[PDB]
$ cat final-v5.txt   # compact mmCIF, N, CA and C atoms and all ligand atoms
# COMPACT_ATOMS: atom_id res chain seq x y z
N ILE A 4 -18.71 63.72 -2.51
CA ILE A 4 -18.99 63.88 -1.09
C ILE A 4 -18.17 62.90 -0.27
N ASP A 5 -18.20 61.63 -0.66
CA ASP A 5 -17.56 60.60 0.14
C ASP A 5 -16.05 60.73 0.13
N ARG A 6 -15.49 61.08 -1.02
CA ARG A 6 -14.05 61.34 -1.09
C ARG A 6 -13.66 62.48 -0.16
N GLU A 7 -14.49 63.53 -0.10
CA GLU A 7 -14.15 64.69 0.72
C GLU A 7 -14.32 64.37 2.19
N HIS A 8 -15.28 63.51 2.52
CA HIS A 8 -15.43 63.07 3.90
C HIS A 8 -14.20 62.27 4.32
N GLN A 9 -13.76 61.34 3.47
CA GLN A 9 -12.56 60.55 3.75
C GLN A 9 -11.37 61.47 4.03
N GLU A 10 -11.21 62.47 3.18
CA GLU A 10 -10.14 63.45 3.28
C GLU A 10 -10.22 64.23 4.58
N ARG A 11 -11.41 64.73 4.88
CA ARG A 11 -11.62 65.47 6.11
C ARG A 11 -11.42 64.58 7.33
N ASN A 12 -11.90 63.34 7.26
CA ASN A 12 -11.83 62.45 8.41
C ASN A 12 -10.37 62.10 8.71
N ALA A 13 -9.54 61.98 7.68
CA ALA A 13 -8.10 61.82 7.90
C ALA A 13 -7.52 63.00 8.69
N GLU A 14 -7.99 64.20 8.39
CA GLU A 14 -7.54 65.39 9.10
C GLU A 14 -7.98 65.35 10.56
N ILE A 15 -9.22 64.94 10.77
CA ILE A 15 -9.80 64.81 12.09
C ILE A 15 -9.03 63.80 12.92
N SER A 16 -8.67 62.68 12.31
CA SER A 16 -7.92 61.65 13.02
C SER A 16 -6.64 62.24 13.54
N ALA A 17 -6.01 63.06 12.70
CA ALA A 17 -4.71 63.66 13.01
C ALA A 17 -4.83 64.69 14.13
N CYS A 18 -5.88 65.52 14.11
CA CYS A 18 -6.11 66.50 15.17
C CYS A 18 -6.37 65.86 16.53
N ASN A 19 -7.17 64.80 16.54
CA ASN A 19 -7.48 64.09 17.78
C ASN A 19 -6.25 63.51 18.39
N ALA A 20 -5.44 62.85 17.55
CA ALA A 20 -4.21 62.21 18.01
C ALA A 20 -3.24 63.24 18.58
N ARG A 21 -3.12 64.37 17.89
CA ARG A 21 -2.34 65.49 18.38
C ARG A 21 -2.91 66.02 19.69
N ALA A 22 -4.23 66.13 19.77
CA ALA A 22 -4.85 66.63 20.99
C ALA A 22 -4.52 65.70 22.16
N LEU A 23 -4.65 64.40 21.93
CA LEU A 23 -4.31 63.36 22.90
C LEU A 23 -2.89 63.53 23.44
N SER A 24 -1.94 63.73 22.54
CA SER A 24 -0.54 63.88 22.92
C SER A 24 -0.32 65.12 23.77
N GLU A 25 -1.07 66.17 23.47
CA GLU A 25 -0.92 67.43 24.18
C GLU A 25 -1.79 67.53 25.45
N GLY A 26 -2.36 66.41 25.89
CA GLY A 26 -3.13 66.40 27.13
C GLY A 26 -4.44 67.17 27.11
N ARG A 27 -4.95 67.47 25.91
CA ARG A 27 -6.28 68.07 25.76
C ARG A 27 -7.30 66.98 25.40
N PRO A 28 -8.59 67.25 25.63
CA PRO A 28 -9.57 66.25 25.19
C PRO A 28 -9.62 66.16 23.66
N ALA A 29 -9.77 64.94 23.17
CA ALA A 29 -9.89 64.69 21.75
C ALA A 29 -11.37 64.60 21.41
N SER A 30 -11.97 65.74 21.09
CA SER A 30 -13.42 65.83 20.99
C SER A 30 -13.99 65.77 19.57
N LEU A 31 -13.13 65.73 18.55
CA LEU A 31 -13.63 65.78 17.18
C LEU A 31 -14.23 64.45 16.74
N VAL A 32 -15.25 64.51 15.88
CA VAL A 32 -15.89 63.30 15.37
C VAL A 32 -15.83 63.25 13.85
N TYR A 33 -15.88 62.04 13.30
CA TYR A 33 -15.88 61.85 11.85
C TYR A 33 -17.15 62.40 11.23
N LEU A 34 -17.06 62.78 9.96
CA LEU A 34 -18.21 63.32 9.25
C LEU A 34 -19.02 62.24 8.58
N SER A 35 -20.30 62.53 8.36
CA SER A 35 -21.17 61.72 7.50
C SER A 35 -22.24 62.66 6.98
N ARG A 36 -23.12 62.17 6.12
CA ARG A 36 -24.18 63.02 5.57
C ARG A 36 -25.09 63.61 6.66
N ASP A 37 -25.17 62.94 7.80
CA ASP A 37 -26.13 63.35 8.81
C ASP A 37 -25.53 64.28 9.86
N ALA A 38 -24.24 64.53 9.76
CA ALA A 38 -23.57 65.53 10.59
C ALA A 38 -22.25 65.87 9.91
N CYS A 39 -22.20 67.03 9.26
CA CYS A 39 -21.07 67.39 8.40
C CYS A 39 -20.71 68.84 8.64
N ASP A 40 -19.43 69.19 8.68
CA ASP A 40 -19.08 70.57 9.00
C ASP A 40 -18.41 71.26 7.81
N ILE A 41 -18.48 70.64 6.64
CA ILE A 41 -18.00 71.25 5.41
C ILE A 41 -19.09 72.10 4.77
N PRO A 42 -18.92 73.43 4.77
CA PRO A 42 -19.93 74.39 4.31
C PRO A 42 -20.49 74.06 2.93
N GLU A 43 -19.60 73.59 2.06
CA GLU A 43 -19.93 73.36 0.66
C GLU A 43 -20.80 72.13 0.46
N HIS A 44 -20.97 71.34 1.53
CA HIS A 44 -21.84 70.16 1.48
C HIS A 44 -23.24 70.44 1.99
N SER A 45 -23.48 71.64 2.53
CA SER A 45 -24.79 71.95 3.12
C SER A 45 -25.90 71.71 2.11
N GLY A 46 -26.86 70.88 2.49
CA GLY A 46 -27.90 70.46 1.58
C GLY A 46 -27.77 69.00 1.26
N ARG A 47 -26.66 68.63 0.62
CA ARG A 47 -26.35 67.22 0.42
C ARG A 47 -26.12 66.58 1.77
N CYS A 48 -25.48 67.32 2.67
CA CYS A 48 -25.29 66.87 4.05
C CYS A 48 -26.02 67.76 5.05
N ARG A 49 -26.18 67.29 6.28
CA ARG A 49 -26.64 68.17 7.34
C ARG A 49 -25.47 69.02 7.84
N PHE A 50 -25.51 70.31 7.53
CA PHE A 50 -24.40 71.18 7.89
C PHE A 50 -24.52 71.47 9.36
N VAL A 51 -23.54 71.00 10.12
CA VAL A 51 -23.46 71.26 11.54
C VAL A 51 -22.21 72.05 11.77
N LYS A 52 -22.35 73.38 11.77
CA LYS A 52 -21.20 74.26 11.57
C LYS A 52 -20.14 74.07 12.63
N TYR A 53 -20.56 73.94 13.88
CA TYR A 53 -19.63 73.89 15.00
C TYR A 53 -19.49 72.48 15.56
N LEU A 54 -19.81 71.50 14.72
CA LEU A 54 -19.64 70.09 15.07
C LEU A 54 -18.25 69.84 15.67
N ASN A 55 -17.20 70.30 14.99
CA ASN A 55 -15.85 70.08 15.46
C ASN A 55 -15.10 71.36 15.80
N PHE A 56 -15.77 72.31 16.45
CA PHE A 56 -15.10 73.51 16.93
C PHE A 56 -15.94 74.77 16.84
N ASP B 2 -20.70 71.25 41.61
CA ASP B 2 -22.13 71.56 41.58
C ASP B 2 -22.62 71.94 40.18
N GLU B 3 -21.84 72.75 39.47
CA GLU B 3 -22.22 73.13 38.12
C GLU B 3 -22.12 71.94 37.17
N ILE B 4 -21.15 71.06 37.41
CA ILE B 4 -21.07 69.74 36.75
C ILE B 4 -22.39 68.99 36.81
N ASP B 5 -22.97 68.94 38.01
CA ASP B 5 -24.22 68.22 38.22
C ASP B 5 -25.36 68.86 37.47
N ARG B 6 -25.37 70.19 37.47
CA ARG B 6 -26.40 70.94 36.80
C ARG B 6 -26.41 70.57 35.32
N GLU B 7 -25.24 70.53 34.69
CA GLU B 7 -25.17 70.23 33.26
C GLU B 7 -25.54 68.77 32.95
N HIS B 8 -25.28 67.86 33.88
CA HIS B 8 -25.75 66.48 33.72
C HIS B 8 -27.27 66.44 33.73
N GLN B 9 -27.88 67.22 34.63
CA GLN B 9 -29.34 67.32 34.72
C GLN B 9 -29.96 67.85 33.44
N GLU B 10 -29.43 68.96 32.94
CA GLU B 10 -29.98 69.56 31.74
C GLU B 10 -29.79 68.63 30.54
N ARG B 11 -28.62 68.02 30.44
CA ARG B 11 -28.39 67.07 29.36
C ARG B 11 -29.27 65.83 29.50
N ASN B 12 -29.45 65.34 30.73
CA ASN B 12 -30.28 64.18 30.96
C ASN B 12 -31.74 64.48 30.66
N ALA B 13 -32.19 65.68 30.98
CA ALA B 13 -33.55 66.08 30.62
C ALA B 13 -33.74 65.95 29.11
N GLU B 14 -32.73 66.36 28.36
CA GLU B 14 -32.83 66.39 26.90
C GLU B 14 -32.74 64.98 26.32
N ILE B 15 -31.97 64.13 26.99
CA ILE B 15 -31.87 62.71 26.63
C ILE B 15 -33.23 62.05 26.79
N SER B 16 -33.88 62.34 27.92
CA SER B 16 -35.23 61.85 28.20
C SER B 16 -36.19 62.20 27.08
N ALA B 17 -36.11 63.44 26.63
CA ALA B 17 -37.05 63.96 25.64
C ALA B 17 -36.85 63.27 24.31
N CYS B 18 -35.59 63.11 23.91
CA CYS B 18 -35.24 62.45 22.67
C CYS B 18 -35.62 60.98 22.68
N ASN B 19 -35.33 60.29 23.77
CA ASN B 19 -35.68 58.87 23.87
C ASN B 19 -37.18 58.65 23.68
N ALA B 20 -37.99 59.51 24.29
CA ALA B 20 -39.45 59.39 24.23
C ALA B 20 -39.97 59.72 22.85
N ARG B 21 -39.38 60.72 22.21
CA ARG B 21 -39.75 61.03 20.84
C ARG B 21 -39.48 59.82 19.98
N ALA B 22 -38.28 59.26 20.12
CA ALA B 22 -37.88 58.09 19.37
C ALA B 22 -38.84 56.91 19.56
N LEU B 23 -39.17 56.60 20.81
CA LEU B 23 -40.11 55.52 21.08
C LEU B 23 -41.43 55.79 20.38
N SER B 24 -41.90 57.03 20.49
CA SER B 24 -43.16 57.44 19.89
C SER B 24 -43.22 57.20 18.40
N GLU B 25 -42.08 57.35 17.75
CA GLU B 25 -41.97 57.13 16.31
C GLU B 25 -41.52 55.70 16.00
N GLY B 26 -41.55 54.83 17.00
CA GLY B 26 -41.25 53.42 16.76
C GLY B 26 -39.77 53.08 16.62
N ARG B 27 -38.91 53.93 17.17
CA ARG B 27 -37.48 53.60 17.19
C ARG B 27 -37.01 53.39 18.63
N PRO B 28 -36.03 52.50 18.82
CA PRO B 28 -35.61 52.17 20.19
C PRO B 28 -35.09 53.39 20.97
N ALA B 29 -35.27 53.38 22.29
CA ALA B 29 -34.71 54.43 23.13
C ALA B 29 -33.23 54.19 23.36
N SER B 30 -32.39 54.69 22.45
CA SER B 30 -30.96 54.37 22.45
C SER B 30 -30.08 55.27 23.32
N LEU B 31 -30.56 56.45 23.71
CA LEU B 31 -29.71 57.37 24.45
C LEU B 31 -29.55 56.95 25.92
N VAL B 32 -28.39 57.23 26.48
CA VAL B 32 -28.06 56.74 27.82
C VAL B 32 -27.75 57.93 28.68
N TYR B 33 -28.12 57.84 29.96
CA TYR B 33 -28.02 58.97 30.85
C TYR B 33 -26.58 59.21 31.37
N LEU B 34 -26.25 60.46 31.64
CA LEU B 34 -24.92 60.82 32.12
C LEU B 34 -24.78 60.78 33.64
N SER B 35 -23.59 60.43 34.11
CA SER B 35 -23.21 60.65 35.50
C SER B 35 -21.74 61.01 35.51
N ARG B 36 -21.20 61.34 36.67
CA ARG B 36 -19.78 61.62 36.78
C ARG B 36 -18.95 60.43 36.35
N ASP B 37 -19.50 59.23 36.47
CA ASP B 37 -18.73 58.03 36.16
C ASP B 37 -18.86 57.55 34.70
N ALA B 38 -19.66 58.25 33.91
CA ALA B 38 -19.69 58.04 32.46
C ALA B 38 -20.37 59.24 31.83
N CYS B 39 -19.57 60.11 31.23
CA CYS B 39 -20.03 61.42 30.78
C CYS B 39 -19.47 61.77 29.39
N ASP B 40 -20.27 62.38 28.52
CA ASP B 40 -19.76 62.64 27.18
C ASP B 40 -19.61 64.14 26.90
N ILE B 41 -19.49 64.93 27.95
CA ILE B 41 -19.23 66.36 27.81
C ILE B 41 -17.73 66.63 27.92
N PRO B 42 -17.08 66.94 26.80
CA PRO B 42 -15.61 67.05 26.78
C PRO B 42 -15.08 68.02 27.82
N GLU B 43 -15.81 69.10 28.05
CA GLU B 43 -15.40 70.13 28.99
C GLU B 43 -15.28 69.56 30.40
N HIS B 44 -16.05 68.51 30.68
CA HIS B 44 -16.01 67.86 31.99
C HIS B 44 -14.83 66.90 32.17
N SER B 45 -14.10 66.62 31.10
CA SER B 45 -13.10 65.56 31.11
C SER B 45 -12.12 65.74 32.25
N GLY B 46 -11.88 64.65 32.98
CA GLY B 46 -11.04 64.69 34.16
C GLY B 46 -11.86 64.64 35.43
N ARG B 47 -12.70 65.65 35.60
CA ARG B 47 -13.59 65.65 36.72
C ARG B 47 -14.64 64.56 36.50
N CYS B 48 -15.08 64.39 35.26
CA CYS B 48 -15.92 63.25 34.89
C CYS B 48 -15.15 62.21 34.07
N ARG B 49 -15.61 60.97 34.08
CA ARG B 49 -15.03 59.97 33.19
C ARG B 49 -15.54 60.21 31.79
N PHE B 50 -14.65 60.62 30.90
CA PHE B 50 -15.07 61.00 29.57
C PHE B 50 -15.23 59.77 28.69
N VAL B 51 -16.47 59.56 28.27
CA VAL B 51 -16.86 58.45 27.44
C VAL B 51 -17.45 59.07 26.19
N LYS B 52 -16.58 59.27 25.20
CA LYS B 52 -16.83 60.23 24.13
C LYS B 52 -18.07 59.91 23.30
N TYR B 53 -18.32 58.62 23.10
CA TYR B 53 -19.39 58.18 22.22
C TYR B 53 -20.48 57.46 23.01
N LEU B 54 -20.67 57.93 24.23
CA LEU B 54 -21.70 57.41 25.12
C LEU B 54 -23.05 57.39 24.42
N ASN B 55 -23.30 58.40 23.60
CA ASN B 55 -24.56 58.51 22.89
C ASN B 55 -24.44 58.57 21.35
ZN ZN C 101 -20.58 66.30 3.94
ZN ZN C 102 -19.71 65.26 33.39
$ encode --input "final-v5.txt" --output "C-alpha cells"
Amino acid sequence: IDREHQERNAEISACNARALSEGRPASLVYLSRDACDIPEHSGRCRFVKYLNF
Amino acid sequence: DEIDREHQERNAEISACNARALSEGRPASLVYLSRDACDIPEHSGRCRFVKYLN
C-alpha cells in the first residue's frame, strides 16, 4: 500500500506542477489510507473515487 | 453572488463537522471560508485560493 501511495503521490506532484505551469488550479492532493483514489486499495484504504478528478 | 452562496453552504457544513467533532471530544479544527481565504478550486482567482485551509 505505502509503496503504491508513494508512486501515485509522485504522479500527483507532477500533475500539480504541470497544472501550475499551465495557469490552471493545482487541486490534486496526496493519498493516504484515509483518502485514497486507487480502486484496488478500497477496504484497506478509504476509496474516494473522485478525490483527484 | 453564486460565489457567496457556495461559501454559505460550505460554511454550514463546516459548522456541522466542527460541532460533531467537539461532541466526540476532538478539537474544532475546521475554518470558515471567505473570498479572502477559500479552498474551493473552482473559485480560484475570484477568491484567494488557500488549498489546504481545512
Ligand atoms: Zn490507498
Ligand atoms: Zn470562494
$ residues_around --input "final-v5.txt" --residues "segment 30-36 of chain B" --least-positions-apart "6" --cutoff "12 Å" --atoms "only C-alpha atoms" --output "MDAnalysis selection string"
chainID B and resid 2:23 44:55
$ residues_around --input "final-v5.txt" --residues "segment 17-34 of chain A" --least-positions-apart "4" --cutoff "10 Å" --atoms "only C-alpha atoms" --output "VMD selection string"
(chain A and resid 5 7 to 9 11 to 13 38 to 41 48 to 49 51 54 to 56) or (chain B and resid 40 to 46 50 52 to 53)
$ select_by_dssp --input "final-v5.txt" --residues "chain B" --states "strand (DSSP E or B)" --output "list in words"
residues 35, 38, 39, 45, 48 and 50 of chain B
$ atom_distance --input "final-v5.txt" --atom1 "atom ZN of ligand ZN 102 (chain C)" --atom2 "atom C of residue 38 of chain B"
6.3 Å
$ atom_distance --input "final-v5.txt" --atom1 "atom CA of residue 16 of chain A" --atom2 "atom N of residue 35 of chain A"
13.3 Å
$ atom_distance --input "final-v5.txt" --atom1 "atom N of residue 28 of chain B" --atom2 "atom N of residue 44 of chain A"
29.7 Å
$ select_by_dssp --input "final-v5.txt" --residues "chain B" --states "alpha helix (DSSP H)" --output "number ranges by chain"
B: 3-24
$ write_last_selection --input "final-v5.txt" --atoms "N, CA and C atoms" --output "compact mmCIF listing (two decimals), in the coordinates of the input"
# COMPACT_ATOMS: atom_id res chain seq x y z
N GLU B 3 -21.84 72.75 39.47
CA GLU B 3 -22.22 73.13 38.12
C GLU B 3 -22.12 71.94 37.17
N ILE B 4 -21.15 71.06 37.41
CA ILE B 4 -21.07 69.74 36.75
C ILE B 4 -22.39 68.99 36.81
N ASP B 5 -22.97 68.94 38.01
CA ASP B 5 -24.22 68.22 38.22
C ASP B 5 -25.36 68.86 37.47
N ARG B 6 -25.37 70.19 37.47
CA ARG B 6 -26.40 70.94 36.80
C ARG B 6 -26.41 70.57 35.32
N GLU B 7 -25.24 70.53 34.69
CA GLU B 7 -25.17 70.23 33.26
C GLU B 7 -25.54 68.77 32.95
N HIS B 8 -25.28 67.86 33.88
CA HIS B 8 -25.75 66.48 33.72
C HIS B 8 -27.27 66.44 33.73
N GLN B 9 -27.88 67.22 34.63
CA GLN B 9 -29.34 67.32 34.72
C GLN B 9 -29.96 67.85 33.44
N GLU B 10 -29.43 68.96 32.94
CA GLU B 10 -29.98 69.56 31.74
C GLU B 10 -29.79 68.63 30.54
N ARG B 11 -28.62 68.02 30.44
CA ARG B 11 -28.39 67.07 29.36
C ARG B 11 -29.27 65.83 29.50
N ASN B 12 -29.45 65.34 30.73
CA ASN B 12 -30.28 64.18 30.96
C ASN B 12 -31.74 64.48 30.66
N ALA B 13 -32.19 65.68 30.98
CA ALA B 13 -33.55 66.08 30.62
C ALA B 13 -33.74 65.95 29.11
N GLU B 14 -32.73 66.36 28.36
CA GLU B 14 -32.83 66.39 26.90
C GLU B 14 -32.74 64.98 26.32
N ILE B 15 -31.97 64.13 26.99
CA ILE B 15 -31.87 62.71 26.63
C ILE B 15 -33.23 62.05 26.79
N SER B 16 -33.88 62.34 27.92
CA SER B 16 -35.23 61.85 28.20
C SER B 16 -36.19 62.20 27.08
N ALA B 17 -36.11 63.44 26.63
CA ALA B 17 -37.05 63.96 25.64
C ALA B 17 -36.85 63.27 24.31
N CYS B 18 -35.59 63.11 23.91
CA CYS B 18 -35.24 62.45 22.67
C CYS B 18 -35.62 60.98 22.68
N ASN B 19 -35.33 60.29 23.77
CA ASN B 19 -35.68 58.87 23.87
C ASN B 19 -37.18 58.65 23.68
N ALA B 20 -37.99 59.51 24.29
CA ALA B 20 -39.45 59.39 24.23
C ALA B 20 -39.97 59.72 22.85
N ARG B 21 -39.38 60.72 22.21
CA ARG B 21 -39.75 61.03 20.84
C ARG B 21 -39.48 59.82 19.98
N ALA B 22 -38.28 59.26 20.12
CA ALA B 22 -37.88 58.09 19.37
C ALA B 22 -38.84 56.91 19.56
N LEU B 23 -39.17 56.60 20.81
CA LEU B 23 -40.11 55.52 21.08
C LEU B 23 -41.43 55.79 20.38
N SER B 24 -41.90 57.03 20.49
CA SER B 24 -43.16 57.44 19.89
C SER B 24 -43.22 57.20 18.40
$ build_atoms --input "final-v5.txt" --residues "segment 36-49 of chain B" --atoms "N, CA, C and O atoms" --output "compact mmCIF listing (two decimals), in the coordinates of the input"
# COMPACT_ATOMS: atom_id res chain seq x y z
N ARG B 36 -21.20 61.34 36.67
CA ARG B 36 -19.78 61.62 36.78
C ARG B 36 -18.95 60.43 36.35
O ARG B 36 -17.82 60.58 35.91
N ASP B 37 -19.50 59.23 36.47
CA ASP B 37 -18.73 58.03 36.16
C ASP B 37 -18.86 57.55 34.70
O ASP B 37 -18.23 56.57 34.32
N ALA B 38 -19.66 58.25 33.91
CA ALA B 38 -19.69 58.04 32.46
C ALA B 38 -20.37 59.24 31.83
O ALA B 38 -21.59 59.36 31.89
N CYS B 39 -19.57 60.11 31.23
CA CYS B 39 -20.03 61.42 30.78
C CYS B 39 -19.47 61.77 29.39
O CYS B 39 -18.31 61.48 29.11
N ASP B 40 -20.27 62.38 28.52
CA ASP B 40 -19.76 62.64 27.18
C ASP B 40 -19.61 64.14 26.90
O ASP B 40 -19.58 64.56 25.75
N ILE B 41 -19.49 64.93 27.95
CA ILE B 41 -19.23 66.36 27.81
C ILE B 41 -17.73 66.63 27.92
O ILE B 41 -17.17 66.52 29.00
N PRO B 42 -17.08 66.94 26.80
CA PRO B 42 -15.61 67.05 26.78
C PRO B 42 -15.08 68.02 27.82
O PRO B 42 -14.03 67.76 28.40
N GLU B 43 -15.81 69.10 28.05
CA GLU B 43 -15.40 70.13 28.99
C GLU B 43 -15.28 69.56 30.40
O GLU B 43 -14.50 70.05 31.21
N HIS B 44 -16.05 68.51 30.68
CA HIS B 44 -16.01 67.86 31.99
C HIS B 44 -14.83 66.90 32.17
O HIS B 44 -14.61 66.41 33.27
N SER B 45 -14.10 66.62 31.10
CA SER B 45 -13.10 65.56 31.11
C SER B 45 -12.12 65.74 32.25
O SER B 45 -11.60 66.82 32.46
N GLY B 46 -11.88 64.65 32.98
CA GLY B 46 -11.04 64.69 34.16
C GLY B 46 -11.86 64.64 35.43
O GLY B 46 -11.74 63.72 36.25
N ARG B 47 -12.70 65.65 35.60
CA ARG B 47 -13.59 65.65 36.72
C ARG B 47 -14.64 64.56 36.50
O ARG B 47 -15.02 63.88 37.43
N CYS B 48 -15.08 64.39 35.26
CA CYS B 48 -15.92 63.25 34.89
C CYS B 48 -15.15 62.21 34.07
O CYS B 48 -14.14 62.53 33.46
N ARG B 49 -15.61 60.97 34.08
CA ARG B 49 -15.03 59.97 33.19
C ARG B 49 -15.54 60.21 31.79
O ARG B 49 -16.72 60.04 31.52
